[PDB]
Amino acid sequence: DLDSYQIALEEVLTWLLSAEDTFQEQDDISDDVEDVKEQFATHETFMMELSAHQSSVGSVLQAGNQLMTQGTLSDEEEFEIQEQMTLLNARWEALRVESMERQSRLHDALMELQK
């Protein structure tokens, strides 16, 4: 219902706020092959973390969609939810893109530094 959607959302946003912060405080790509390997490894682990939380993110977005389409909510409640989902989707997609670009650069670095 609305209550269980709000609780799922809070949990997802708490996780995501820390995932964004963790991603932001990664060191810039090193020139040493052994350091780039550790950074490649750390980022691969983070990419699986992101992966594992995808279904919780989809769940909250699905729950919010159902609640809005079912027509049982107040105009204010539908306002709040639309705003919540909009913001969540924006941040989730932004983190997806950024982390994928990070992975590409680390991948290209590791290969170049090994050849």
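Start at 1 and count along the sequence shown; that's the residue number.
- [ ] Mind pulling up the entry and telling me whether 7 to 15 or 21 to 29 has the higher mean Cα temperature factor?
- [x] Comparing 7 to 15 with 21 to 29, the higher average CA B-factor belongs to 21 to 29.
Open item on the list: Using only C-alpha atoms and the B-factors in the entry, which stretch averages higher, 30 to 38 or 82 to 90?
Closed with: The deposited B-factors put 30 to 38 ahead on the C-alpha mean.
Task: Among modelled residues of the same chain, the CA temperature factor third for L61 - done: Tercile = middle for this residue's CA B-factor.
Task: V97 CA temperature factor, ranked by third within the chain - done: It belongs to the highest third of the chain when residues are ordered by C-alpha B-factor.
- [ ] Divide the modelled residues of the chain into thirds by Cα B-factor and specify which third, lowest, middle or highest, holds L73.
- [x] Ranked within chain, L73 CA B lands in the highest tercile.
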